[PDB]
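Heads up: the structure comes next, in structure tokens.
Backbone-built Cβ (ideal geometry, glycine too); neighbour counts: all protein chains shown. Read-outs: derived from the displayed coordinates by stated rules, not from any lab.
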């Protein structure tokens with residue numbers, strides 16, 4: 001069930017994109 | 001031109017101020033948009049870019 005959820009309570013993972021010294 | 005004349009032919013050309021400029025990029029170039037301090041919040045939002 002967890003697998004088909006990936007594809008059961010699941011936490012939401014989040015990450016961002018930023019820029020520093022123009023990178 | 002004033003900077004160039006003041007530091008013309010430094011250690012190699014400047015080699016010093018170009019180092020502290022990266023540090024001066026502080027208070028700046030961060031995801032933080034407004035600096036908080038107690039109940040006083042200064043928002044550098046219009047100038048950030």
Exercise for review: Quick one: residue B:18 ticks every box in (1) within 14 Å of chain A (Cβ to nearest Cβ); (2) under 24 Å from residue A:18 (Cβ atoms) except a single one, so which number is it?
Suggested key: (2)
Practice item. Determine which single condition residue B:6 fails, assuming it passes every other condition in (1) under 26 Å from residue A:17 (Cβ atoms); (2) surrounded by 10 or more Cβ atoms within 10 Å (Cβ to Cβ). Key: (1)
**Study point:** Residue in the stretch B:29-41 that is farther than 16 Å from residue A:21 by Cβ, part of a loop (DSSP other than H, G, I, E, B), out of contact with any helix residue (DSSP H, G or I) (no Cβ under 7 Å at 6 or more places or on another chain) and more than 14 Å from chain A (Cβ to nearest Cβ) present
**Key:** yes
